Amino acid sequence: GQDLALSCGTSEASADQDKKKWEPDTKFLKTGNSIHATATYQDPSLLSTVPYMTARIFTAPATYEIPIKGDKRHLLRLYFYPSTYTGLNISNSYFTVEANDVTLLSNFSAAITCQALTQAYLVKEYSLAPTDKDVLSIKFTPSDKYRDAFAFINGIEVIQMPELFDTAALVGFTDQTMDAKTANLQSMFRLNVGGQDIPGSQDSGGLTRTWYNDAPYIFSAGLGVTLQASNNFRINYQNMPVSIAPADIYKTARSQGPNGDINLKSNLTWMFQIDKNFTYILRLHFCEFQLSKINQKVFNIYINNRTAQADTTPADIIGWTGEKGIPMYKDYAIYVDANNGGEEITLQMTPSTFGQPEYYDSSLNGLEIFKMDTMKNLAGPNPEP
């Protein structure tokens, strides 16, 4: 059927602020008796009125049927703008969303979730494994616990993507590995480390992912030192698919800085709020654009205080890639529960004292955090405040 950007509750085509074209959802909606509504407040923080200002509202289970290619992986995005739609209190909305037998959301309150994030809108993004079916059935089910619950949706995107997931190294364990090839994933965070926001229009692979500056997630007292590649520095992908990440991710990084003695005394630390009781994959993106040789910059990486790369196998970007300007990533997996970090993921970097490196520093170019499904479920609870 091909990729779609549906603005729910619209009757004509529309375009957003980033030159993405959207179309009405009506075509794809199997079930009747939905309500369409336009919000009566346009939050000044919205980047566009599209798709956010218009919604479709469901008071019974409702299914969209989107033609897809069965053998392919897809990105699915759900856009929500909890605002005022004439005649409803958005606080009453609690619902489930499923996509071909994968549960995405359950008892989901967009209002509570937005309040907790201090953001007026939400985009939930998922990477769905191939389901061998030529229709993606997206079912919205109002809560059967609350008589007054309704479901709503402002936009849906379905985007074919390559098989960009394979194995991840298990954090804190010696050489253990797990397969992500058939996993369903939720995108939790996607950062351009040390660099400016990259809008979807500048993403690679036609995937229109947004990559956010990482500064708001730095937990260490030190912000470190951001690095920028020289003008027209060439990112040499070699055999890495360009869809993994756009070149600009690799042209900037965050490092600890030029003072190796100070760097040895601290970790550069990021912290993220996530849902308990899931395995997460952290994809760390690297590209050395300053140094040229093995054993110049060699560093330990820790996830939730456990070893990701350390001891006699620390991280060395040139050690991994063989050459300045080659991009790469490494995937690490951690099951996060009460004993392992609770509701938080921490990522920490510090120089290694193995093999007498030329410098004592660390760096990172990009970061993605994905939730893996457990028994075809990705739904977590709503956040607190």
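Heads up: residue numbers just count along the shown sequence, starting at 1.
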| query | finding |
| --- | --- |
| Stretch exceeding the other in mean C-alpha B-factor - 227-235, 153-161 | 227-235 |
| 336-344 versus 23-31 - which carries the larger mean C-alpha B factor in the record | 336-344 |
| Out of 98, 125, 248, 179, highest CA B-factor residue | 179 |
| Top Cα B factor in the deposited entry, candidates 202, 213, 292, 186 | 292 |
| CA B-factor placement of residue 197, once the chain's modelled residues are sorted into thirds | lowest |
| Third of chain Cα B-factors occupied by residue 307 | highest |
| Residue 243, C-alpha B-factor rank within chain (lowest, middle or highest third) | lowest |
| Cα B factor band for residue 72 (lowest, middle or highest third within the chain) | middle |
| For residue 12, the third of its chain into which the C-alpha B factor falls | highest |
